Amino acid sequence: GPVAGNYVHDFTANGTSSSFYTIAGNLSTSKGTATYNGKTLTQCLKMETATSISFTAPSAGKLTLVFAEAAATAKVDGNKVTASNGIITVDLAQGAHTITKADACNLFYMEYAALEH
């Protein structure tokens, strides 16, 4: 399709390490699992008061966030968004973005799908 780049972060495989995402927070394996595209994920980023994930979208596109909790929440650029079946999707413009805590929940996977300009 017209997606140019998919920037992915798997918290089980890679913890808090990323060149694209700047992740400030704490990992856990005590918060259950998330099942996503046939993968069972076990290590999450806890969504805590001081937690933040920053990135610069190189073009407009779609952010996907996968949690353990069916009705998980987060703030994206200070706006609360709620999951459907454990998945938050948010459409974003080019530029700097930040994910922070809304209510308690636990983040296992994220992807940013950037459109081809």
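Numbers for residues come from their place in the sequence shown, where the first is 1.
For the two regions 46-54 and 31-39, the entry's Cα B-factors average higher over 31-39. For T16, the recorded CA B-factor ranks within the middle third of the chain. Only modelled residues enter the ranking. The deposited CA B-factor of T82 belongs to the highest third of values across its chain. When the modelled residues of the chain are ordered by C-alpha B-factor, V8 sits in the lowest third.
The deposited CA B-factor of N26 belongs to the lowest third of values across its chain.
In this PDB entry, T73 carries a Cα temperature factor that places it within the highest third of its chain's modelled residues.
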